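Lettering follows sequence order; numbering is per chain, from 1. Scope of the values below: all heavy atoms of this structure, side chains included, with no hydrogens, waters or symmetry mates.
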Amino acid sequence: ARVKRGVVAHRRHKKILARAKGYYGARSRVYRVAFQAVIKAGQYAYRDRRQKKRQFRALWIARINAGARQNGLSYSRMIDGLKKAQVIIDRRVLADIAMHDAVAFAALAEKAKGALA
Amino acid sequence: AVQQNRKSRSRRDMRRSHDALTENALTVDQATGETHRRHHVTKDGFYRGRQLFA
Amino acid sequence: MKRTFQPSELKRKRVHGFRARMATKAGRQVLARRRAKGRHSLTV
Amino acid sequence: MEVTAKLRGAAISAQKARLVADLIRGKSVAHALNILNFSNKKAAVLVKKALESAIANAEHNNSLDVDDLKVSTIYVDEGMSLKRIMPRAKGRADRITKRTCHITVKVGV
Amino acid sequence: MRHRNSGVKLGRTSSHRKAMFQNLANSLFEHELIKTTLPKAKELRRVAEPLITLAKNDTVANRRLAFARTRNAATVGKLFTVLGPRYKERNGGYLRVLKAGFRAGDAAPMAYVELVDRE
RNA sequence: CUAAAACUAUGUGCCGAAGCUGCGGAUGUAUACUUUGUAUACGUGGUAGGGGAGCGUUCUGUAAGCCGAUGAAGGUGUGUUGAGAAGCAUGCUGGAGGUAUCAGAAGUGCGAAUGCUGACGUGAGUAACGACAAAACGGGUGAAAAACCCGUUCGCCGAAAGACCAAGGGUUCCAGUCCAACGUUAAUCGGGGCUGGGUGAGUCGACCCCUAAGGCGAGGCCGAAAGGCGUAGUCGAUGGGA
RNA sequence: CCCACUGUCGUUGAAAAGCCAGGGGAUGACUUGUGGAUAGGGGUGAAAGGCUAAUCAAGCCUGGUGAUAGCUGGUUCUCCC
RNA sequence: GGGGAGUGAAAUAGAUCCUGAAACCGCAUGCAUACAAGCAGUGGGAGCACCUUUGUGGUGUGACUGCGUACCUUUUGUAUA
RNA sequence: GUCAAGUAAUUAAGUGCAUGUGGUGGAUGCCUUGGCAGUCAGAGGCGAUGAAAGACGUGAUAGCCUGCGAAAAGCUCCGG
Ligand SMILES: [Mg+2]
Ligand SMILES: [Mg+2]
Ligand SMILES: [Mg+2]
Ligand SMILES: [Mg+2]
Ligand SMILES: [Mg+2]
Ligand SMILES: [Mg+2]
Ligand SMILES: [Mg+2]
Ligand SMILES: [Mg+2]
Ligand SMILES: [Mg+2]
Ligand SMILES: [Mg+2]
Ligand SMILES: [Mg+2]
Ligand SMILES: [Mg+2]
Ligand SMILES: [Mg+2]
Ligand SMILES: [Mg+2]
Ligand SMILES: [Mg+2]
Ligand SMILES: [Mg+2]
Ligand SMILES: [Mg+2]
Ligand SMILES: [Mg+2]
Ligand SMILES: [Mg+2]
Ligand SMILES: [Mg+2]
Ligand SMILES: [Mg+2]
Ligand SMILES: [Mg+2]
Ligand SMILES: [Mg+2]
Ligand SMILES: [Mg+2]
Ligand SMILES: [Mg+2]
Ligand SMILES: [Mg+2]
Ligand SMILES: [Mg+2]
Ligand SMILES: [Mg+2]
Ligand SMILES: [Mg+2]
Ligand SMILES: [Mg+2]
Ligand SMILES: [Mg+2]
Ligand SMILES: [Mg+2]
Ligand SMILES: [Mg+2]
Ligand SMILES: [Mg+2]
Ligand SMILES: [Mg+2]
Ligand SMILES: [Mg+2]
Ligand SMILES: [Mg+2]
Ligand SMILES: [Mg+2]
Ligand SMILES: [Mg+2]
Ligand SMILES: [Mg+2]
């Protein structure tokens with residue numbers, strides 16, 4: 001029962017090289033280089049699923065800080081005052097409101113101000 | 001004496017980016033209608049209204 | 001340079017020829033081996 | 001409608017024929033024939049053979065006038081190489097490739 | 001450097017170069033129209049025109065000078081009987097050099113050299 | 001950066017991890033409990049290594065079955081399914097096989113071994129083109145002429161770069177014809193291809209007669225066998241003999 | 001003619017030991033042709049462990065043989081504990 | 001050598017002839033790219049082009065931006081120069 | 001309209017990615033003319049009447065192979 005490993009090996013190499021479309025040079029043509037490129041892309045994506053949450057939270061916090069400083073506050077005191085006022089809006093929604101609706105964000109800043117007093 | 005890495009195809013093409021040829025300076029002769037190289041005799045032996053080997 | 005071959009047909013035939021091989025037991029074993037292999041030339 | 005001529009197995013490397021092929025891409029066939037007539041390149045002879053073959057094909061097999069034909073496509077591909085041995089110093093040997101090429105010319109109205 | 005220097009080399013020794021221009025001048029005086037390489041044709045002016053200038057006056061000393069510079073008795077005869085008398089009142093410019101394409105086996109640029117009022 | 005963006009002390013906030021919590025999903029162990037499905041709890045970073053469960057490949061049975069020219073395998077795209085190895089469907093190409101299921105057997109999975117074979121890159125259109133005795137022109141032929149032929153000049157060797165033998169080679173010799181490959185370029189030329197021709201001996205050489213060094217050697221002597229040495233002889237030129 | 005002292009060059013060479021300019025011997029313990037002899041723990045060596053077919057502190061080929069290697073290298077699909 | 005014509009079911013079955021993969025080398029189209037520093041990806045993300053649709057759609061590209069020193073083997077320990 | 005300040009679009013010598021279409025190359029699939037291992041049954045020699053192995057020849061026209069041997073791709077007789 002002699003087994004020729006031609007069809008299966010070719011299929012596997014084709015799969016790895018299809019996951020490498022768009023990479024530069026050998027990284028999209030040569031299986032030895034493409035295979036490392038693909039494994040590394042996977043490790044990067046695993047790490048960046050974690051990094052994305054940090055990045056987007058930092059963006060929301062910067063935008064809330066800008067909106068709160070337009071209203072005579074800072075991020076620290078506004079978050080503290082909104083937590084003293086029992087408001088539980090999270091930062092993604094607060095940043096969306098600050099970017100898209102300045103009047104409602106001024107109302108939220110008024111809640112935080114009145115709670116800080 | 002020799003490369004430490006194989007040169008990528010892109011750098012090889014960037015080197016050959018200066019390898020293109022130019023056309024020559026050709027003129028249509030009026031005494032024969034012929035096309036010849038400028039300031040050259042034609043292959044029929046004509047140049048500026050003068051004949052070689054009649 | 002002088003190289004090692006330096007041909008001479010008489011010497012070739014007297015050292016490696018058919019009758020030189022047939023003249024001893026070991027040379028006839030050479031001939032039997034080359035017939036067993038199916039060589040087209042038995043000797044030089 | 002493009003008319004094709006193929007010069008297969010021309011004894012010249014593709015890298016050298018491509019320099020001449022780049023010179024006449026997208027030009028009138030009269031201008032291209034002029035350019036090829038006054039070049040000192042060995043590839044110019046072969047490309048001229050292929051191009052005049054394509055013009056003859058267009059006129060005879062397709063009934064197209066030559067005054068508006070144009071070099072609408074041209075490219076040089078590699079062909080079958082010849083492998084030879086070259087002796088080098090100190091008993092070393094090198095492998096020489098004699099490279100050929102295929103020229104494809106397509107003329108269009 | 002080469003500042004103000006005249007003369008050619010053409011990849012020959014000075015003996016070979018002198019001999020080759022002697023041969024070229026003899027050939028041109030015999031056929032009156034030859035095809036050569038363009039740099040050879042341009043240096044042939046400085047070799048062949050002073051011979052005609054010399055052959056304008058017919059003295060035994062001039063014919064001997066012409067023979068010393070050509071070493072060809074037929075060339076000397078033709079210089080002093082035909083070519084000399086022809087260019088008597090022409091002030092230089094006995095040769096005409098015209099570029100003539102390129103050599104096939106070489107791609108070397110070529111030129112025709114002809115005599116002015118020939119044929 | 002200087003009544004700090006330093007230091008000391010104190011306070012109120014906040015930021016901050018794959019830690020914790022939230023939401024959704026999977027899974028191991030145990031316990032209940034249907035009696036194998038859900039709950040509940042605790043767990044689920046890993047090298048050497050130990051354990052468990054699977055995918056796929058060729059071949060045998062199932063299979064004289066099932067699918068296939070209304071298009072098999074293979075190849076190349078696309079869409080899709082699963083935690084994965086993978087599967088499935090389908091467009092194009094392809095033109096004759098393929099194989100469920102459940103068993104069975106393995107030449108059963110490759111990126112590395114300065115692995116092996118073939119193909120093809122990089123260097124790079126780069127170094128080099130093999131004695132620095134040297135060429136030039138005109139004409140011819142030819143698709144094309146620096147190199148071929150004819151001619152006119154120039155140069156080089158001339159105790160070899162000329163001539164003749166032996167050895168070795170083996171048709172390279174001559175003629176007609178052809179130029180792909182071979183010729184370190186082109187070639188119309190050639191020691192290249194194809195076709196034909198050509199080597200004439202009493203006196204030249206060999207064969208022949210004769211022998212040297214040496215070889216072989218009837219008998220013989222010696223030796224486990226194989227064999228070793230050697231007499232008579234018989235060969236053996238590089239020498240003698242019209 | 002035989003050799004090989006010096007130097008440059010060459011060192012993927014024109015060449016797996018050369019060229020070129022010089023150098024030594026050149027009637028002898030000379031050089032050389034043809035043929036023969038000595039064969040591997042053997043031969044031969046005006047002796048360098050030199051040479052014995054570009055191989056020599058024990059030739060080459062085949063076989064024992066897939067020698068042995070406590071040493072390098074390599075060891076090919078997936079998931080879970 | 002090719003283009004037609006013709007043969008053939010088929011000629012990118014035309015003799016270097018079944019199929020015709022990869023490396024490797026062309027040409028065409030779309031987008032990007034000549035003030036900008038590094039394992040060449042990854043997360044995000046504008047713009048453009050083409051398909052389609054009245055999409056919070058698809059396909060290609062990817063300005064700008066956070067993070068980010070290949071793989072194997074051997075090691076106490078390797079981006080390791 | 002002119003001037004000033006600010007700020008877009010516009011190039012591709014070449015290159016990258018993707019797609020399409022080619023070349024090269026000869027993998028894969030399918031196939032077999034050749035191999036490998038056996039079982040059963042035989043046989044286990046050829047040669048001085050010249051063997052094994054060869055060389056040279058042999059054709060209307062042959063290069064090689066096969067057959068054959070100056071009677072030379074073959075002669076005679078017998079059987080199919
Ligand atoms: Mg490109
Ligand atoms: Mg001057
Ligand atoms: Mg030169
Ligand atoms: Mg002198
Ligand atoms: Mg977190
Ligand atoms: Mg956790
Ligand atoms: Mg949960
Ligand atoms: Mg854990
Ligand atoms: Mg674990
Ligand atoms: Mg295996
Ligand atoms: Mg390998
Ligand atoms: Mg060059
Ligand atoms: Mg270089
Ligand atoms: Mg250079
Ligand atoms: Mg050079
Ligand atoms: Mg030469
Ligand atoms: Mg001849
Ligand atoms: Mg040639
Ligand atoms: Mg010949
Ligand atoms: Mg004896
Ligand atoms: Mg006896
Ligand atoms: Mg005798
Ligand atoms: Mg004799
Ligand atoms: Mg000397
Ligand atoms: Mg002396
Ligand atoms: Mg020994
Ligand atoms: Mg002994
Ligand atoms: Mg010693
Ligand atoms: Mg020993
Ligand atoms: Mg071993
Ligand atoms: Mg097809
Ligand atoms: Mg095919
Ligand atoms: Mg820019
Ligand atoms: Mg170490
Ligand atoms: Mg260490
Ligand atoms: Mg580190
Ligand atoms: Mg390293
Ligand atoms: Mg480095
Ligand atoms: Mg361009
Ligand atoms: Mg096959």
Side-chain angles (χ1 to χ4, degrees), chain A residues 25 29, chain B residues 2-3 5-26 35-38 40 43, chain D residues 2-58 69-88 93-108, chain E residues 11 37-38 99-110:
Chain A
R29 302 146 167 89
Chain B
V2 70
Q3 62 188 20
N5 290 276
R6 68 184 285 169
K7 177 175 302 277
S8 81
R9 54 175 66 76
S10 160
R11 302 302 312 181
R12 168 203 70 195
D13 300 328
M14 285 178 197
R15 186 208 314 120
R16 300 174 182 169
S17 103
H18 286 285
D19 280 0
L21 313 165
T22 63
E23 321 164 29
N24 287 291
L26 306 180
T35 304
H36 65 284
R37 185 184 307 244
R38 181 163 187 74
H40 284 236
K43 296 83 217 146
Chain D
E2 295 182 322
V3 184
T4 318
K6 286 166 161 193
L7 188 44
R8 285 186 41 105
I12 197 192
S13 86
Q15 192 180 340
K16 295 152 170 177
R18 277 168 183 150
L19 300 168
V20 170
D22 277 65
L23 239 189
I24 65 166
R25 190 175 281 108
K27 290 192 169 86
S28 286
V29 289
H31 191 37
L33 280 179
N34 273 332
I35 294 170
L36 292 169
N37 280 331
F38 293 92
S39 154
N40 56 6
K41 282 293 193 180
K42 174 188 157 188
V45 166
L46 296 175
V47 174
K48 166 155 191 279
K49 210 170 276 289
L51 169 73
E52 180 50 61
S53 205
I55 301 156
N57 286 336
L69 276 165
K70 195 204 63 186
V71 178
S72 57
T73 312
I74 181 176
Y75 49 75
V76 190
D77 286 348
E78 267 107 351
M80 191 147 86
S81 294
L82 294 181
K83 313 289 195 315
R84 302 290 189 250
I85 289 297
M86 186 168 69
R88 278 299 184 120
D94 288 342
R95 172 68 50 87
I96 295 293
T97 32
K98 301 200 68 76
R99 295 174 174 284
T100 76
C101 72
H102 313 321
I103 307 167
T104 296
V105 202
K106 300 186 181 159
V107 297
Chain E
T37 66
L38 173 58
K99 309 160 231 322
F102 298 84
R103 218 154 59 193
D106 222 2
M110 302 312 274

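- Of the inter-residue distances, the one linking B:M14 atom CE with B:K7 atom NZ reads 10.0 Å to the nearest 0.5 angstrom.
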Between D:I55 and D:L33, does a side-chain contact (heavy atoms from CB on, under 4.5 Å) hold up when you go through it step by step? CA-CA 11 Å; D:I55 301 156; D:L33 280 179; 4.0 Å; yes
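- In this structure, D:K98 places its NZ atom where only 12 or fewer heavy-atom neighbours from other residues, nucleotides or ligands lie under 6.0 Å away.
- Residues D:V71 and D:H31 are not in side-chain contact: their nearest non-hydrogen atoms beyond the backbone lie 4.5 Å or more apart.
- Residue D:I103 holds its CD1 atom at 10.5 Å from CG of D:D77, rounded to the nearest 0.5 Å.
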Given D:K70 and D:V107, is the side-chain contact (heavy atoms from CB on, under 4.5 Å) satisfied, shown in steps? CA-CA 5 Å; D:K70 195 204 63 186; D:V107 297; over 6 Å; no
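- Judged as a salt bridge (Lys or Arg N to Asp or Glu O under 4.0 Å), the pairs with a partner in residues 6-25 of chain D (not counting sequence neighbours) are, in order, D:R18-D:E78, D:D22-D:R25.
- Side-chain N or O atoms of B:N24 include one that pairs as donor or acceptor with a backbone N or O of D:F38 at under 3.5 Å.
- Here the CE-CG distance, from D:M80 to D:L82, works out to 7.5 Å after rounding to the nearest 0.5 Å.
- D:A44 approaches D:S39 most closely through the heavy-atom pair CB-OG, 3.5 Å.
- Remark: D:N57 CG to D:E2 CD distance equals 13.5 Å, nearest 0.5 Å.
- Between D:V3 and D:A58, the closest heavy-atom pair is CG1-N, 3.6 Å.
- Of all heavy-atom pairs spanning D:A21 and D:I74, the tightest one is O-CG2, 3.8 Å.
- The structure places CG of B:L26 at 6.0 Å from CG of D:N34, a figure rounded to the nearest 0.5 Å.
- Residues D:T4 and D:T104 have side chains in contact (heavy-atom distance under 4.5 Å, counting atoms from C-beta outward).
- Contact of the D:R95 side chain with the D:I85 side chain is registered, since non-hydrogen atoms from C-beta on lie closer than 4.5 Å.
- In this structure, D:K83 and D:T97 have side chains that are in contact, with non-hydrogen atoms separated by less than 4.5 Å.
- In this structure a side-chain-to-backbone donor-acceptor pair under 3.5 Å is missing from B:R15 to B:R11.
- Summarising the local packing, NZ of D:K27 is surrounded by more than 12 heavy atoms from other residues, nucleotides or ligands at distances under 6.0 Å.
- Taking both residues in full, the closest heavy atoms of D:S13 and D:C101 are given as C-CB, 4.4 Å, listed atom of the first, atom of the second, then distance.
- In this structure, CZ in B:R12 is found 9.5 Å from CZ in B:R6, a value given to the nearest 0.5 Å.
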Under the side-chain contact (heavy atoms from CB on, under 4.5 Å) rule, what do D:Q15 and D:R99 come out as? Steps first, then yes or no, please. CA-CA 10 Å; D:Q15 192 180 340; D:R99 295 174 174 284; over 6 Å; no
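- With a 4.5 Å cut-off on side-chain heavy atoms, D:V20 and D:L36 count as touching.
- Residues E:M110 and E:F102 approach most closely at CG-C, 3.8 Å, considering heavy atoms.
- Pairing each heavy atom of D:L51 with each of D:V29, the nearest pair is CD1-CG1, 4.2 Å.
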